[PDB]
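K.L.:
mmCIF, C-alpha atoms and all ligand atoms, saved as run.cif, coming up:
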```cif
data_query
#
loop_
_atom_site.label_atom_id
_atom_site.label_comp_id
_atom_site.auth_asym_id
_atom_site.auth_seq_id
_atom_site.Cartn_x
_atom_site.Cartn_y
_atom_site.Cartn_z
CA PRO Z 11 -18.56 -9.00 -25.15
CA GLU Z 12 -20.13 -7.64 -21.97
CA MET Z 13 -20.22 -3.85 -21.59
CA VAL Z 14 -20.15 -1.52 -18.58
CA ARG Z 15 -20.84 2.22 -18.99
CA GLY Z 16 -20.12 2.02 -22.71
CA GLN Z 17 -16.76 0.33 -22.05
CA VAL Z 18 -15.89 -3.16 -23.26
CA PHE Z 19 -15.48 -5.60 -20.36
CA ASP Z 20 -14.64 -8.84 -22.17
CA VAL Z 21 -14.70 -11.39 -19.35
CA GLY Z 22 -17.58 -13.66 -20.41
CA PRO Z 23 -18.76 -16.32 -20.36
CA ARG Z 24 -17.15 -17.34 -17.03
CA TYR Z 25 -17.68 -13.94 -15.33
CA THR Z 26 -21.05 -12.22 -15.71
CA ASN Z 27 -23.46 -9.85 -13.97
CA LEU Z 28 -20.92 -7.04 -13.89
CA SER Z 29 -21.52 -3.99 -11.72
CA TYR Z 30 -19.38 -0.86 -11.88
CA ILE Z 31 -17.37 -0.13 -8.73
CA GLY Z 32 -14.92 2.60 -9.75
CA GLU Z 33 -12.06 3.50 -12.03
CA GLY Z 34 -8.49 4.73 -11.86
CA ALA Z 35 -6.28 6.50 -14.37
CA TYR Z 36 -6.05 3.61 -16.85
CA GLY Z 37 -8.67 1.06 -15.83
CA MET Z 38 -12.11 0.22 -14.49
CA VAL Z 39 -13.11 -2.06 -11.61
CA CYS Z 40 -16.35 -4.07 -11.52
CA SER Z 41 -17.88 -6.70 -9.35
CA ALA Z 42 -18.84 -9.91 -11.13
CA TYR Z 43 -20.09 -13.44 -10.59
CA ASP Z 44 -17.75 -16.35 -11.22
CA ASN Z 45 -20.14 -18.90 -12.76
CA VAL Z 46 -17.46 -21.59 -12.61
CA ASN Z 47 -16.54 -21.35 -8.91
CA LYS Z 48 -19.91 -19.80 -7.95
CA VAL Z 49 -18.39 -16.85 -6.09
CA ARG Z 50 -18.48 -13.05 -6.25
CA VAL Z 51 -15.25 -11.45 -7.48
CA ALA Z 52 -13.75 -8.10 -8.38
CA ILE Z 53 -12.39 -7.63 -11.90
CA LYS Z 54 -9.95 -4.81 -12.70
CA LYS Z 55 -9.67 -3.88 -16.38
CA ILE Z 56 -6.16 -2.48 -16.97
CA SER Z 57 -5.16 -0.76 -20.24
CA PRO Z 58 -1.50 0.20 -19.70
CA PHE Z 59 0.32 -0.53 -22.94
CA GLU Z 60 0.50 3.01 -24.36
CA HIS Z 61 2.53 4.30 -21.37
CA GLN Z 62 5.79 2.88 -20.06
CA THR Z 63 4.92 3.86 -16.48
CA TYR Z 64 1.57 2.05 -16.47
CA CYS Z 65 3.29 -1.04 -17.88
CA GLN Z 66 5.89 -0.88 -15.10
CA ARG Z 67 3.22 -0.73 -12.41
CA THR Z 68 1.11 -3.44 -14.03
CA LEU Z 69 4.04 -5.85 -14.27
CA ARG Z 70 5.17 -5.26 -10.68
CA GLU Z 71 1.64 -5.70 -9.32
CA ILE Z 72 1.12 -8.97 -11.20
CA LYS Z 73 4.57 -10.37 -10.40
CA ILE Z 74 4.30 -9.58 -6.69
CA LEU Z 75 0.67 -10.52 -6.03
CA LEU Z 76 1.02 -13.83 -7.89
CA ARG Z 77 3.98 -14.70 -5.65
CA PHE Z 78 2.37 -13.58 -2.37
CA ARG Z 79 -0.17 -15.70 -0.50
CA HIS Z 80 -1.37 -14.13 2.76
CA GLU Z 81 -4.71 -13.48 4.47
CA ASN Z 82 -4.00 -9.74 4.80
CA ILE Z 83 -2.82 -9.23 1.20
CA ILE Z 84 -5.15 -9.11 -1.79
CA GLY Z 85 -4.75 -12.08 -4.10
CA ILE Z 86 -5.09 -12.61 -7.86
CA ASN Z 87 -7.53 -15.41 -8.73
CA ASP Z 88 -7.38 -15.17 -12.54
CA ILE Z 89 -6.06 -12.96 -15.34
CA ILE Z 90 -7.86 -12.62 -18.69
CA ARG Z 91 -6.14 -11.32 -21.82
CA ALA Z 92 -5.97 -12.08 -25.53
CA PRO Z 93 -4.39 -15.35 -26.75
CA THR Z 94 -1.92 -13.38 -28.93
CA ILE Z 95 0.21 -10.44 -27.85
CA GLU Z 96 -0.81 -8.32 -30.85
CA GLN Z 97 -4.47 -8.49 -29.78
CA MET Z 98 -3.71 -7.83 -26.10
CA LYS Z 99 -4.76 -4.24 -25.38
CA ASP Z 100 -6.36 -4.83 -21.96
CA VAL Z 101 -5.68 -7.11 -19.00
CA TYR Z 102 -8.45 -8.18 -16.60
CA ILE Z 103 -7.21 -9.01 -13.10
CA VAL Z 104 -9.76 -11.06 -11.15
CA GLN Z 105 -9.56 -10.60 -7.37
CA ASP Z 106 -11.52 -11.34 -4.22
CA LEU Z 107 -14.41 -8.91 -3.93
CA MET Z 108 -13.96 -6.39 -1.12
CA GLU Z 109 -16.75 -4.17 0.20
CA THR Z 110 -14.92 -0.92 1.02
CA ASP Z 111 -11.57 0.58 2.01
CA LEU Z 112 -10.24 2.42 5.04
CA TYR Z 113 -10.40 5.76 3.22
CA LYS Z 114 -14.14 5.50 2.57
CA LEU Z 115 -14.70 4.10 6.07
CA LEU Z 116 -13.00 7.03 7.79
CA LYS Z 117 -15.27 9.36 5.78
CA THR Z 118 -18.23 8.26 7.94
CA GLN Z 119 -17.00 6.21 10.93
CA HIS Z 120 -15.20 7.24 14.11
CA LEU Z 121 -13.56 3.96 15.09
CA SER Z 122 -13.45 2.73 18.67
CA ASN Z 123 -10.06 1.94 20.16
CA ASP Z 124 -10.82 -1.77 19.93
CA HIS Z 125 -11.49 -1.55 16.19
CA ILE Z 126 -8.44 0.65 15.57
CA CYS Z 127 -6.33 -2.02 17.26
CA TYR Z 128 -7.97 -4.76 15.17
CA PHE Z 129 -7.25 -2.93 11.90
CA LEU Z 130 -3.70 -1.98 12.94
CA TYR Z 131 -2.87 -5.59 13.79
CA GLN Z 132 -4.02 -6.80 10.36
CA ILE Z 133 -2.01 -4.08 8.60
CA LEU Z 134 1.16 -5.02 10.49
CA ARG Z 135 0.51 -8.74 10.07
CA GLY Z 136 0.36 -8.26 6.31
CA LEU Z 137 3.31 -5.87 6.34
CA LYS Z 138 5.45 -8.43 8.19
CA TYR Z 139 4.92 -10.88 5.33
CA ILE Z 140 5.68 -8.21 2.71
CA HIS Z 141 8.93 -7.20 4.39
CA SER Z 142 9.97 -10.83 4.91
CA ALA Z 143 9.84 -11.18 1.11
CA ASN Z 144 12.33 -8.27 0.96
CA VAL Z 145 9.67 -6.02 -0.61
CA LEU Z 146 8.81 -2.38 0.11
CA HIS Z 147 5.20 -1.50 -0.62
CA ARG Z 148 6.05 2.25 -0.74
CA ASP Z 149 2.43 3.43 -1.21
CA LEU Z 150 0.63 2.43 1.99
CA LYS Z 151 -2.36 4.68 2.66
CA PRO Z 152 -5.99 4.25 3.76
CA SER Z 153 -7.32 3.82 0.20
CA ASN Z 154 -4.96 0.84 -0.36
CA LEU Z 155 -6.38 -1.00 2.68
CA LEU Z 156 -9.50 -2.86 1.59
CA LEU Z 157 -12.05 -4.56 3.85
CA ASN Z 158 -14.27 -7.50 2.87
CA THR Z 159 -17.79 -8.22 4.12
CA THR Z 160 -16.53 -10.02 7.25
CA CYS Z 161 -14.22 -7.07 8.12
CA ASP Z 162 -10.96 -8.72 7.02
CA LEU Z 163 -8.33 -6.19 5.94
CA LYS Z 164 -6.19 -6.79 2.84
CA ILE Z 165 -3.30 -4.64 1.61
CA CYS Z 166 -3.59 -3.86 -2.10
CA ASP Z 167 -2.00 -1.93 -4.99
CA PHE Z 168 1.64 -3.05 -5.30
CA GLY Z 169 2.28 -1.03 -8.49
CA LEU Z 170 4.88 1.15 -6.73
CA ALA Z 171 6.58 -1.64 -4.79
CA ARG Z 172 10.29 -2.40 -5.00
CA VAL Z 173 12.66 -5.11 -3.85
CA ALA Z 174 14.52 -3.74 -0.83
CA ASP Z 175 18.07 -2.51 -1.50
CA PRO Z 176 19.32 0.59 0.41
CA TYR Z 187 3.93 10.19 -9.54
CA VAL Z 188 1.25 9.47 -6.94
CA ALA Z 189 -1.65 11.75 -6.06
CA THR Z 190 -1.61 11.43 -2.24
CA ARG Z 191 1.84 11.97 -0.69
CA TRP Z 192 0.70 12.61 2.91
CA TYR Z 193 1.88 9.13 4.01
CA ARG Z 194 5.47 9.33 2.66
CA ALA Z 195 8.41 9.35 5.07
CA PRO Z 196 10.50 12.53 5.48
CA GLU Z 197 13.64 11.01 3.95
CA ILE Z 198 11.67 10.68 0.70
CA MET Z 199 10.68 14.36 0.76
CA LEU Z 200 14.30 15.31 1.50
CA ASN Z 201 15.40 13.22 -1.51
CA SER Z 202 17.65 10.95 0.53
CA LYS Z 203 19.79 8.42 -1.33
CA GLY Z 204 18.58 4.99 -0.20
CA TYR Z 205 15.28 4.15 1.47
CA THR Z 206 14.58 1.09 3.61
CA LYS Z 207 11.65 -0.92 4.93
CA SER Z 208 11.29 1.88 7.47
CA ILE Z 209 9.41 4.05 4.96
CA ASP Z 210 6.46 1.63 5.12
CA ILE Z 211 6.49 1.81 8.94
CA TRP Z 212 6.17 5.60 8.69
CA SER Z 213 3.13 5.25 6.42
CA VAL Z 214 1.53 2.87 8.91
CA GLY Z 215 2.15 5.46 11.62
CA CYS Z 216 0.37 8.05 9.48
CA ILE Z 217 -2.58 5.67 9.01
CA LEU Z 218 -2.76 4.95 12.75
CA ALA Z 219 -2.88 8.69 13.45
CA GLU Z 220 -5.70 9.10 10.93
CA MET Z 221 -7.68 6.28 12.57
CA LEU Z 222 -7.36 8.06 15.93
CA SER Z 223 -8.69 11.42 14.72
CA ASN Z 224 -10.23 11.00 11.23
CA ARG Z 225 -7.76 13.64 9.97
CA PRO Z 226 -4.44 13.22 8.17
CA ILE Z 227 -1.62 14.02 10.56
CA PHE Z 228 0.83 15.50 7.98
CA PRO Z 229 -1.12 17.09 5.12
CA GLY Z 230 0.30 19.76 2.85
CA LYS Z 231 0.29 21.22 -0.65
CA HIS Z 232 3.85 20.02 -1.35
CA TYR Z 233 6.91 18.42 0.23
CA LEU Z 234 8.17 21.67 1.75
CA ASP Z 235 4.78 22.28 3.36
CA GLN Z 236 4.44 18.66 4.50
CA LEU Z 237 7.96 18.70 5.96
CA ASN Z 238 7.03 21.77 8.03
CA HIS Z 239 3.96 19.94 9.34
CA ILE Z 240 6.20 17.04 10.36
CA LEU Z 241 8.86 19.21 12.01
CA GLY Z 242 6.17 21.19 13.81
CA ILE Z 243 4.90 18.01 15.49
CA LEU Z 244 8.09 15.98 16.00
CA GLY Z 245 10.24 19.03 16.72
CA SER Z 246 13.63 19.81 15.26
CA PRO Z 247 15.78 16.71 14.66
CA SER Z 248 19.15 16.32 16.33
CA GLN Z 249 22.50 15.96 14.57
CA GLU Z 250 22.32 12.20 15.17
CA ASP Z 251 19.02 12.09 13.27
CA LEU Z 252 20.23 14.41 10.51
CA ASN Z 253 23.19 12.12 9.79
CA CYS Z 254 20.74 9.52 8.43
CA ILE Z 255 19.88 11.91 5.57
CA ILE Z 256 22.47 11.04 2.92
CA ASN Z 257 21.66 14.24 1.01
CA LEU Z 258 24.13 16.85 2.26
CA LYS Z 259 21.96 19.66 0.86
CA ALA Z 260 18.97 18.41 2.86
CA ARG Z 261 21.05 18.31 6.04
CA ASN Z 262 22.28 21.88 5.56
CA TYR Z 263 18.69 22.95 4.88
CA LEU Z 264 17.30 21.38 8.07
CA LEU Z 265 20.10 22.82 10.22
CA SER Z 266 19.10 26.28 8.93
CA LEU Z 267 15.47 26.11 10.06
CA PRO Z 268 14.21 27.75 13.25
CA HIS Z 269 14.03 25.50 16.28
CA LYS Z 270 10.78 23.62 16.83
CA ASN Z 271 9.63 21.96 20.06
CA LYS Z 272 8.06 18.51 20.07
CA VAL Z 273 4.29 18.51 20.53
CA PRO Z 274 3.37 15.74 23.00
CA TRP Z 275 1.20 13.11 21.37
CA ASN Z 276 -1.46 13.35 24.08
CA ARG Z 277 -1.91 17.04 23.25
CA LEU Z 278 -2.84 16.13 19.66
CA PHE Z 279 -4.75 12.93 20.57
CA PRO Z 280 -6.16 13.65 24.05
CA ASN Z 281 -8.55 10.66 24.05
CA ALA Z 282 -6.33 7.97 22.51
CA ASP Z 283 -5.06 4.88 24.30
CA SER Z 284 -1.68 5.79 25.79
CA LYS Z 285 -0.32 2.48 24.46
CA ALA Z 286 -1.50 3.44 20.97
CA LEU Z 287 0.33 6.76 21.34
CA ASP Z 288 3.52 5.03 22.50
CA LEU Z 289 3.57 2.85 19.37
CA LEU Z 290 2.64 5.87 17.26
CA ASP Z 291 5.72 7.61 18.66
CA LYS Z 292 7.94 4.70 17.62
CA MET Z 293 6.51 4.61 14.08
CA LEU Z 294 6.65 8.38 13.47
CA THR Z 295 10.29 8.93 14.44
CA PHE Z 296 12.30 11.14 12.10
CA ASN Z 297 15.37 8.88 12.15
CA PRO Z 298 14.57 5.87 9.92
CA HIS Z 299 17.28 3.87 11.73
CA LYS Z 300 15.52 4.32 15.09
CA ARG Z 301 12.04 3.79 13.62
CA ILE Z 302 10.43 0.66 15.05
CA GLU Z 303 10.40 -2.43 12.81
CA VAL Z 304 7.34 -4.44 11.81
CA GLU Z 305 8.10 -7.45 14.01
CA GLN Z 306 8.81 -5.15 16.98
CA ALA Z 307 5.59 -3.22 16.33
CA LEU Z 308 3.59 -6.47 16.37
CA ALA Z 309 5.03 -7.25 19.82
CA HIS Z 310 4.16 -3.81 21.19
CA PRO Z 311 1.82 -3.90 24.22
CA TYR Z 312 -0.88 -2.07 22.22
CA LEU Z 313 -1.34 -5.25 20.15
CA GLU Z 314 -0.97 -7.84 22.93
CA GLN Z 315 -4.59 -8.98 22.49
CA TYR Z 316 -3.72 -10.13 18.94
CA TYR Z 317 0.02 -10.81 18.91
CA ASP Z 318 0.64 -14.46 18.00
CA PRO Z 319 3.92 -15.11 16.15
CA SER Z 320 3.06 -18.73 15.33
CA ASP Z 321 0.06 -17.32 13.40
CA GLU Z 322 1.98 -14.49 11.68
CA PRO Z 323 3.68 -16.17 8.72
CA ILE Z 324 6.52 -15.01 6.49
CA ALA Z 325 7.20 -15.53 2.80
CA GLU Z 326 8.91 -18.79 1.89
CA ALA Z 327 11.43 -17.28 -0.54
CA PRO Z 328 12.16 -13.52 -0.55
CA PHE Z 329 12.55 -11.78 -3.87
CA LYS Z 330 16.12 -10.45 -3.53
CA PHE Z 331 15.78 -10.00 -7.32
CA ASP Z 332 15.58 -6.31 -8.25
CA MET Z 333 13.25 -6.33 -11.24
CA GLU Z 334 14.96 -3.34 -12.93
CA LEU Z 335 12.13 -2.19 -15.20
CA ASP Z 336 12.85 1.54 -15.14
CA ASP Z 337 14.62 1.64 -18.54
CA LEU Z 338 12.71 -1.05 -20.46
CA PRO Z 339 10.64 0.24 -23.40
CA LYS Z 340 6.91 -0.34 -23.13
CA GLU Z 341 7.13 -2.98 -25.87
CA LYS Z 342 9.56 -5.03 -23.78
CA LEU Z 343 7.31 -4.53 -20.75
CA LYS Z 344 4.28 -5.71 -22.76
CA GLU Z 345 6.13 -8.91 -23.67
CA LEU Z 346 6.94 -9.45 -19.99
CA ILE Z 347 3.29 -8.95 -19.03
CA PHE Z 348 2.24 -11.38 -21.77
CA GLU Z 349 4.62 -14.05 -20.43
CA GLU Z 350 3.69 -13.38 -16.80
CA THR Z 351 -0.03 -13.88 -17.50
CA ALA Z 352 0.47 -17.00 -19.64
CA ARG Z 353 -0.16 -19.40 -16.74
CA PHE Z 354 -3.86 -18.46 -16.90
CA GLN Z 355 -4.15 -19.46 -20.60
CA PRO Z 356 -5.37 -22.91 -21.68
CA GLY Z 357 -2.34 -24.88 -22.80
CA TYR Z 358 0.57 -23.41 -20.85
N1 LIG T 401 -10.72 -6.36 -4.98
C1 LIG T 401 -11.58 -5.19 -4.95
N2 LIG T 401 -12.81 -5.28 -4.48
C2 LIG T 401 -13.63 -4.26 -4.43
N3 LIG T 401 -13.29 -3.07 -4.84
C3 LIG T 401 -12.09 -2.84 -5.32
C4 LIG T 401 -11.13 -3.94 -5.41
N4 LIG T 401 -9.91 -3.34 -5.99
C5 LIG T 401 -10.20 -2.03 -6.20
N5 LIG T 401 -11.44 -1.80 -5.81
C6 LIG T 401 -12.04 -0.51 -5.89
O1 LIG T 401 -12.10 -0.03 -7.28
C7 LIG T 401 -11.76 1.39 -7.29
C8 LIG T 401 -10.56 1.64 -8.16
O2 LIG T 401 -9.51 0.83 -7.73
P1 LIG T 401 -7.99 1.10 -8.31
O3 LIG T 401 -7.75 0.39 -9.56
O4 LIG T 401 -7.00 0.47 -7.44
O5 LIG T 401 -7.76 2.71 -8.51
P2 LIG T 401 -6.90 3.68 -7.49
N6 LIG T 401 -6.72 5.21 -8.21
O6 LIG T 401 -7.66 3.82 -6.19
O7 LIG T 401 -5.54 3.07 -7.22
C9 LIG T 401 -11.48 1.78 -5.88
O8 LIG T 401 -12.65 2.41 -5.34
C10 LIG T 401 -11.22 0.51 -5.17
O9 LIG T 401 -11.61 0.61 -3.79
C1 LIG T 402 -15.82 -4.41 10.73
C2 LIG T 402 -15.51 -3.06 10.09
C3 LIG T 402 -16.45 -2.87 8.92
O1 LIG T 402 -16.71 -1.74 8.52
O2 LIG T 402 -17.01 -4.04 8.27
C4 LIG T 402 -17.69 -4.00 7.02
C5 LIG T 402 -18.19 -5.41 6.73
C6 LIG T 402 -16.72 -3.54 5.94
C7 LIG T 402 -18.87 -3.04 7.12
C8 LIG T 402 -15.50 -1.89 11.04
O3 LIG T 402 -15.83 -0.78 10.63
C9 LIG T 402 -15.04 -2.05 12.47
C10 LIG T 402 -14.72 -3.52 12.75
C11 LIG T 402 -15.82 -4.46 12.26
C12 LIG T 402 -15.55 -5.90 12.73
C13 LIG T 402 -15.57 -6.03 14.25
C14 LIG T 402 -16.79 -6.16 14.93
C15 LIG T 402 -16.81 -6.26 16.31
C16 LIG T 402 -15.62 -6.26 17.03
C17 LIG T 402 -14.41 -6.13 16.37
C18 LIG T 402 -14.38 -6.02 14.98
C19 LIG T 402 -17.18 -4.01 12.76
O4 LIG T 402 -18.18 -4.58 12.37
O5 LIG T 402 -17.36 -2.94 13.72
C20 LIG T 402 -18.66 -2.61 14.23
#
```
In structure tokens, what does this structure look like?
Ligand SMILES: Nc1ncnc2c1ncn2[C@@H]1O[C@H](COP(=O)(O)OP(N)(=O)O)[C@@H](O)[C@H]1O
Ligand SMILES: *[C@@H]1[C@@H](C(=O)OC(C)(C)C)C(=O)CC[C@@]1(Cc1ccccc1)C(=O)OC

P.N.:
Amino acid sequence: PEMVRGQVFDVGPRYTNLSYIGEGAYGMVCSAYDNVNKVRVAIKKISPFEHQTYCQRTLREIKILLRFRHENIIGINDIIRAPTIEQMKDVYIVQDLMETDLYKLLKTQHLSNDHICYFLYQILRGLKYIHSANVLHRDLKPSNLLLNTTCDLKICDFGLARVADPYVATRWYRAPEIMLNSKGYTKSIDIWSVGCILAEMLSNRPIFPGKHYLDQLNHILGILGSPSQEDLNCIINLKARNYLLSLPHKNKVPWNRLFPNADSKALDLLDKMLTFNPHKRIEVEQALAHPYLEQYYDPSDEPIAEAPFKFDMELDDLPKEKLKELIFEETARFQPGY
């Protein structure tokens, strides 16, 4: 079997000429050559079966990405694993090869307004499809937005997704109702994340950083100002509402004071995405029709999912052995003789 940095990478003979790209907590990603289709691919080695949480995320990612088909969402081309469940210790997910992600890009590039608009449109175009399938991504952030060699943006990493029904490292893109531990979240939490990403494209700085939720919440309240009673009522948690009502008053910082050189249309849409009240937060289809994106907006070319999930997976209490069986069955379509 082929080897990369002393690690087994058992994807031959179809996939060869592996090159290390990076690694996460329980896997390694390489580029490779598909000798059968004569194309360059990415291959993610996943080894999740010793931890229930990794199995959860692996199953969700596979189930969702296999059911999605959209230009602005990463696809799965192939999945390699052992022919018997007892021998399956790793799963190799073959994907289109991307060149970078928005996180790395913002480390070195100050984007022009035109390119910010281009990226934002592609994010929202993909998000519209995701939400039409009744799915919340729940982990949108620059590092989960990949770009290929022709500058096409694809949303990736659906391991934290859920079907909509009202332990990550980077929490700077999470909506305030999550920090406040509100009862039921909606599609609006993804819109907030997109607002955070837009702000970071305009300045190359996170807009709401912080060491913890309390700190991050203060950053948010310092920019948006103190919420009104109408807004507070959307926080189901009574303790969170009492807390907020006890804080000193904060005035709203005008967006042009923070982003003095940004397109005023971009700031108007930013305002609608980063509203405290999730019920008043702009929706994906409304964001696409905002004047800031009028150069790109084309509903006839912005497709939706054929059949939404509306099928809460309910994996949170399944033992990792049950989850491994589900992952075995879900990957069986890539096995000869299925
Ligand atoms: N389809 C892909 N093409 C090219 N590079 C890819 C890719 N999917 C992931 N990568 C890269 O491989 C590295 C690890 O990816 P990942 O498995 O998702 O780890 P993580 N902790 O970022 O969530 C990242 O640098 C990521 O950009
Ligand atoms: C492409 C994008 C980019 O980094 O592309 C790769 C191939 C990943 C290096 C950007 O950084 C900005 C947008 C992009 C495509 C583009 C070109 C002209 C007009 C609009 C969009 C680019 O090449 O910017 C210079």

K.L.:
Give me, as a VMD selection string, the set of residues whose atoms come within 6 Å of any atom of ligand LIG 401 (chain T), counting all atoms listed in the file.

P.N.:
chain Z and resid 31 to 34 39 52 105 to 109 111

K.L.:
State, in Å with one decimal place, the distance from CA of residue 206 (chain Z) to CA of residue 299 (chain Z).

P.N.:
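Interatomic distance here is 9.0 Å.
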
K.L.:
Show me which residues sit within 7 Å of ligand LIG 402 (chain T) when counting all atoms listed in the file, and put them as a PDB file with C-alpha atoms, keeping the file's coordinate frame.

P.N.:
```pdb
ATOM      1  CA  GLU Z 109     -16.750  -4.170   0.200  1.00  0.00           C
ATOM      2  CA  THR Z 110     -14.920  -0.920   1.020  1.00  0.00           C
ATOM      3  CA  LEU Z 115     -14.700   4.100   6.070  1.00  0.00           C
ATOM      4  CA  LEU Z 121     -13.560   3.960  15.090  1.00  0.00           C
ATOM      5  CA  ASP Z 124     -10.820  -1.770  19.930  1.00  0.00           C
ATOM      6  CA  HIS Z 125     -11.490  -1.550  16.190  1.00  0.00           C
ATOM      7  CA  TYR Z 128      -7.970  -4.760  15.170  1.00  0.00           C
ATOM      8  CA  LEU Z 157     -12.050  -4.560   3.850  1.00  0.00           C
ATOM      9  CA  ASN Z 158     -14.270  -7.500   2.870  1.00  0.00           C
ATOM     10  CA  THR Z 159     -17.790  -8.220   4.120  1.00  0.00           C
ATOM     11  CA  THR Z 160     -16.530 -10.020   7.250  1.00  0.00           C
ATOM     12  CA  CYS Z 161     -14.220  -7.070   8.120  1.00  0.00           C
TER      13      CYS Z 161
END
```

K.L.:
Which distance in Å separates CA of residue 187 (chain Z) and CA of residue 305 (chain Z), to one decimal?

P.N.:
29.7 Å

K.L.:
Which is closest to residue 26 (chain Z) among Z:43, Z:192, Z:129, Z:113, if we use only C-alpha atoms?

P.N.:
Z:43

K.L.:
Quick one: of Z:146, Z:200, Z:54, Z:84, who's nearest to residue 262 (chain Z), counting all atoms listed in the file?

P.N.:
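Smallest separation from residue 262 (chain Z) among the options: Z:200.
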
K.L.:
Out of Z:225, Z:285, Z:344, Z:50, which residue has the shortest atom-to-atom distance to residue 127 (chain Z) when counting all atoms listed in the file?

P.N.:
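The shortest atom-to-atom distance to residue 127 (chain Z) comes from Z:285.
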
K.L.:
Tell me which protein, DNA and RNA residues are within 9 Å of residue 333 (chain Z), counting all atoms listed in the file, leaving out same-chain ones fewer than 5 positions away, and put them as a list in words.

P.N.:
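Near neighbours after the sequence-gap exclusion: residues 70, 172 and 173 of chain Z.
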
K.L.:
Of the candidates Z:92, Z:230, Z:99, Z:298, which one gets nearest to residue 196 (chain Z) if we count all atoms listed in the file?

P.N.:
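Closest residue, counting all atoms listed in the file: Z:298.
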
K.L.:
Please indicate the distance in Å from CA of residue 347 (chain Z) to CA of residue 73 (chain Z), rounded to one decimal place.

P.N.:
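About the pair CA of residue 347 (chain Z) and CA of residue 73 (chain Z): they are 8.8 Å apart.
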
K.L.:
Could you check which residues have any atom within 12 Å of (-11.9, 4.6, 2.6), counting only C-alpha atoms with coordinates taken straight from the file, and then list them as JSON, numbers by chain?

P.N.:
{"Z": [108, 109, 110, 111, 112, 113, 114, 115, 116, 117, 118, 119, 151, 152, 153, 154, 155, 156, 157, 163, 217, 220, 221, 224]}

K.L.:
For the selection just defined, write its residues with C-alpha atoms to a file, as a CSV table (one decimal), in the frame of the given file.

P.N.:
```csv
chain,number,residue,atom,x,y,z
Z,108,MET,CA,-14.0,-6.4,-1.1
Z,109,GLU,CA,-16.8,-4.2,0.2
Z,110,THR,CA,-14.9,-0.9,1.0
Z,111,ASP,CA,-11.6,0.6,2.0
Z,112,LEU,CA,-10.2,2.4,5.0
Z,113,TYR,CA,-10.4,5.8,3.2
Z,114,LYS,CA,-14.1,5.5,2.6
Z,115,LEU,CA,-14.7,4.1,6.1
Z,116,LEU,CA,-13.0,7.0,7.8
Z,117,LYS,CA,-15.3,9.4,5.8
Z,118,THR,CA,-18.2,8.3,7.9
Z,119,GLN,CA,-17.0,6.2,10.9
Z,151,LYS,CA,-2.4,4.7,2.7
Z,152,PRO,CA,-6.0,4.2,3.8
Z,153,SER,CA,-7.3,3.8,0.2
Z,154,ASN,CA,-5.0,0.8,-0.4
Z,155,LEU,CA,-6.4,-1.0,2.7
Z,156,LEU,CA,-9.5,-2.9,1.6
Z,157,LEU,CA,-12.0,-4.6,3.8
Z,163,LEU,CA,-8.3,-6.2,5.9
Z,217,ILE,CA,-2.6,5.7,9.0
Z,220,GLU,CA,-5.7,9.1,10.9
Z,221,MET,CA,-7.7,6.3,12.6
Z,224,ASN,CA,-10.2,11.0,11.2
```

K.L.:
I need the residue nearest residue 291 (chain Z) from this list: Z:325, Z:252, Z:69, Z:219. Use all atoms listed in the file for the distance.

P.N.:
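Checking each candidate against residue 291 (chain Z), we get Z:219 as the closest.
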
K.L.:
Excluding residue 45 (chain Z) and any residue of its chain fewer than 6 positions from it, enumerate the residues within 10 Å of it, using only C-alpha atoms, and give them as a list in words.

P.N.:
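Residues near the query, excluding close chain neighbours: residues 22, 23, 24, 25, 26 and 27 of chain Z.
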
K.L.:
Would you mind writing region 279-287 of chain Z with N, CA and C atoms, as a compact mmCIF listing (two decimals), in the coordinates of the input?

P.N.:
```
# COMPACT_ATOMS: atom_id res chain seq x y z
N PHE Z 279 -3.78 14.02 20.47
CA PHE Z 279 -4.75 12.93 20.57
C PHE Z 279 -5.12 12.75 22.04
N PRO Z 280 -5.92 13.66 22.59
CA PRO Z 280 -6.16 13.65 24.05
C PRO Z 280 -6.97 12.47 24.53
N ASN Z 281 -7.68 11.76 23.65
CA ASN Z 281 -8.55 10.66 24.05
C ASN Z 281 -8.04 9.30 23.60
N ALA Z 282 -6.85 9.23 23.01
CA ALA Z 282 -6.33 7.97 22.51
C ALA Z 282 -5.73 7.13 23.63
N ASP Z 283 -5.76 5.82 23.43
CA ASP Z 283 -5.06 4.88 24.30
C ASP Z 283 -3.58 5.25 24.39
N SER Z 284 -3.08 5.40 25.62
CA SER Z 284 -1.68 5.79 25.79
C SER Z 284 -0.73 4.76 25.17
N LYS Z 285 -1.13 3.48 25.16
CA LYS Z 285 -0.32 2.48 24.46
C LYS Z 285 -0.30 2.75 22.96
N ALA Z 286 -1.46 3.08 22.38
CA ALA Z 286 -1.50 3.44 20.97
C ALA Z 286 -0.58 4.61 20.67
N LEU Z 287 -0.52 5.60 21.57
CA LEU Z 287 0.33 6.76 21.34
C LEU Z 287 1.81 6.41 21.47
```
